[PDB]
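Reading through the structure tokens given below for one structure.
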Amino acid sequence: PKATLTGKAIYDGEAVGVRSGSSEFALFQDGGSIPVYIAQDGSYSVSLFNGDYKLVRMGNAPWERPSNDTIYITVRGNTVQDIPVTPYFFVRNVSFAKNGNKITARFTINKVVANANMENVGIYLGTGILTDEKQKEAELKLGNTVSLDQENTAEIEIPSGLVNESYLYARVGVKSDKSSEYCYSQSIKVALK
């Protein structure tokens, strides 16, 4: 009778992209803690016994993690509940295109936490669906003065070990001074052939 709790880390109704194996939620009983491992597309799934639970934001996730703020989840059979998060910086309206030996990246960046300061913006190219600042075939570090709340264009060169592949995965990441993790766009497949 061990139910399934699924959902997404949500900001402005969108799943918040994160690095695979980096971000979590902790699940408690009011009456230890249960970890809730978040996938790179911001989604999560955890099998639990029926009953009421209290969820908290913690770890190294690239969003605000208040100790005091809890989310009460009542699980009676398979339950689905999205968890609202507030990223320091958010990446939206991301698109990629092959133009010669380069990948043209178009993206928008928002400063959601006024307190936070931008450290870097990166464009990543990978062989697999999991692409991030740690797993990458190529990266482009743009600095920390990228204009906000508007589209920007950047071109990353396709590396030697990816140029004869059928496709690749591309992604945009922004890192703040308030988290050890980048906040990312969705990992998007880009046709090369």
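Please note that chains go A, B, ... in the order of the structure tokens, that every chain numbers its residues from 1, and that ligands are numbered from 1 in the order shown.
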
I'd like a table as JSON lines: residues in segment 84-183 of chain A with an atom no more than 12 Å from segment 36-58 of chain A, each row giving the shortest atom pair and its distance in Å to one decimal, only C-alpha atoms counted, sorted by chain and rising residue number.
{"residue": "A:84", "atom": "CA", "partner": "A:57", "partner_atom": "CA", "distance": 9.8}
{"residue": "A:85", "atom": "CA", "partner": "A:57", "partner_atom": "CA", "distance": 8.2}
{"residue": "A:86", "atom": "CA", "partner": "A:57", "partner_atom": "CA", "distance": 10.3}
{"residue": "A:87", "atom": "CA", "partner": "A:57", "partner_atom": "CA", "distance": 11.6}
{"residue": "A:129", "atom": "CA", "partner": "A:40", "partner_atom": "CA", "distance": 9.0}
{"residue": "A:130", "atom": "CA", "partner": "A:40", "partner_atom": "CA", "distance": 7.1}
{"residue": "A:131", "atom": "CA", "partner": "A:40", "partner_atom": "CA", "distance": 8.8}
{"residue": "A:132", "atom": "CA", "partner": "A:40", "partner_atom": "CA", "distance": 9.0}
{"residue": "A:171", "atom": "CA", "partner": "A:40", "partner_atom": "CA", "distance": 11.1}
{"residue": "A:179", "atom": "CA", "partner": "A:58", "partner_atom": "CA", "distance": 10.9}
{"residue": "A:182", "atom": "CA", "partner": "A:40", "partner_atom": "CA", "distance": 11.5}
{"residue": "A:183", "atom": "CA", "partner": "A:40", "partner_atom": "CA", "distance": 10.2}

Discussion item. So that I can check the surroundings of residue 10 of chain A, please list as a list in words every protein, DNA and RNA residue that reaches within 7 Å of it, counting only C-alpha atoms and ignoring chain neighbours fewer than 4 positions away.
Written reply: residues 14, 15, 16, 82, 83, 84 and 85 of chain A

Item to complete: Fewer than 2 positions away in the same chain doesn't count, so skip those; otherwise give me all residues within 7 Å of segment 99-110 of chain A, counting only C-alpha atoms, as a ChimeraX atom specification.
Response: /A:89-97,112,148-158

Item to complete: May I have the residues within 8 Å of residue 191 of chain A as a PyMOL selection string, using only C-alpha atoms and disregarding those fewer than 5 positions away in the same chain?
Response: chain A and resi 98+166-168

Practice prompt. From a DSSP pass on the backbone, collect the residues of segment 36-130 of chain A flagged as strand (DSSP E) and hand them back as a PyMOL selection string.
Written response: chain A and resi 36-37+43-49+51-59+70-75+79-80+83-84+89-99+102-111+118-126

Worksheet item: For residue 75 of chain A, which of A:127, A:29, A:180, A:164 is the closest residue, counting only C-alpha atoms?
Response: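 Among the listed residues, the smallest separation from residue 75 of chain A belongs to A:29.
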
Close residues, residue 165 of chain A itself excluded, 12 Å, only C-alpha atoms, min 2 positions apart in chain, as a PDB file with C-alpha atoms, in the first residue's frame:
ATOM      1  CA  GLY A 126      26.972  17.327 -24.220  1.00  0.00           C
ATOM      2  CA  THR A 127      26.711  13.885 -25.861  1.00  0.00           C
ATOM      3  CA  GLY A 128      23.852  12.824 -23.514  1.00  0.00           C
ATOM      4  CA  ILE A 158      30.839  22.370 -31.786  1.00  0.00           C
ATOM      5  CA  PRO A 159      33.787  20.314 -30.383  1.00  0.00           C
ATOM      6  CA  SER A 160      35.752  17.707 -32.467  1.00  0.00           C
ATOM      7  CA  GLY A 161      34.203  14.770 -30.592  1.00  0.00           C
ATOM      8  CA  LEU A 162      30.641  15.941 -31.393  1.00  0.00           C
ATOM      9  CA  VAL A 163      30.902  17.307 -34.956  1.00  0.00           C
ATOM     10  CA  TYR A 167      22.667  15.308 -32.632  1.00  0.00           C
ATOM     11  CA  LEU A 168      23.803  16.821 -29.296  1.00  0.00           C
ATOM     12  CA  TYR A 169      22.260  18.255 -26.140  1.00  0.00           C
ATOM     13  CA  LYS A 189      18.383  18.140 -28.395  1.00  0.00           C
ATOM     14  CA  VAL A 190      20.011  19.899 -31.383  1.00  0.00           C
ATOM     15  CA  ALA A 191      20.192  18.133 -34.753  1.00  0.00           C
ATOM     16  CA  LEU A 192      23.645  18.198 -36.410  1.00  0.00           C
ATOM     17  CA  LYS A 193      22.609  16.083 -39.426  1.00  0.00           C
TER      18      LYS A 193
END

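Using only C-alpha atoms for every distance, the candidate list A:17, A:3, A:178, A:140 yields A:3 as the residue closest to residue 76 of chain A.
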
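Using only C-alpha atoms, the residues found no farther than 12 Å from residue 134 of chain A, other than those of its own chain fewer than 2 positions away, are residues 18, 19, 20, 21, 22, 122, 124, 125, 126, 130, 131, 132, 136, 137, 138, 139, 173, 181 and 182 of chain A.
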
Worksheet item: Which is closer to residue 175 of chain A than all the others in A:118, A:146, A:113, A:188, using only C-alpha atoms?
Response: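 Of A:118, A:146, A:113, A:188, the one nearest residue 175 of chain A is A:118, counting only C-alpha atoms.
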
Worksheet item: When you draw a straight line from atom CA of residue 123 of chain A to atom CA of residue 59 of chain A, how long is it in Å?
Response: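 So the answer is 24.3 Å.
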